[PDB]
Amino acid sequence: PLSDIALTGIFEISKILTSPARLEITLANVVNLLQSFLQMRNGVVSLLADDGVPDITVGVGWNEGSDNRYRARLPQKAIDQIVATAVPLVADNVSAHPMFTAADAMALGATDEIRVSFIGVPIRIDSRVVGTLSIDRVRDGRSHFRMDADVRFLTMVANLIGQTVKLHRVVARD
């Protein structure tokens, strides 16, 4: 059952967020889990300073100082929309979508032959949007992953990540 696997995934994610470790290590383990467990590929936690300048960017396999490698994979128009609107964004086919340039689709693995869907949700801290959590899926003869379920699940993960981020920011700032 997809719900059984998703219940185990959020159970494991809850453990990860409570384990004391460097924020980037926590966020890395989370998106690693979204991929290996729920087949959500290229999961990226993008965090921004208050002036919209990148703070940290971490995706699957993050090592120290690799932030740019993951930021070079984000479709900035779509991410800008999510940040500016505080509403999730979905594209069934990023190769044929207004908010995705030719470069956006290439970076996300999309071609004229391979249909790639994008799903991004906002990360919020006290009504302010501080970043994005985004994934993509390749539409082949995989399971029938409903985009609305992904949006719900990622919105839940984003909420918890925002608390983890506020925790780290409150700590460092004192």
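All residue numbers are counted from 1 along the displayed sequence.
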query	finding
50-58 versus 141-149 - which carries the larger mean C-alpha B factor in the record	141-149
Segment of higher mean CA temperature factor, 111-119 or 128-136	111-119
Record-listed C-alpha B factor of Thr18: chain third	highest
Cα B factor band for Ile82 (lowest, middle or highest third within the chain)	lowest
Chain-wide C-alpha B factor ranking for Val90, given as lowest, middle or highest third	lowest
Within-chain third of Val30 by Cα B-factor, per the entry	lowest
Position of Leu38 among the chain's modelled residues by C-alpha B-factor, lowest, middle or highest third	middle
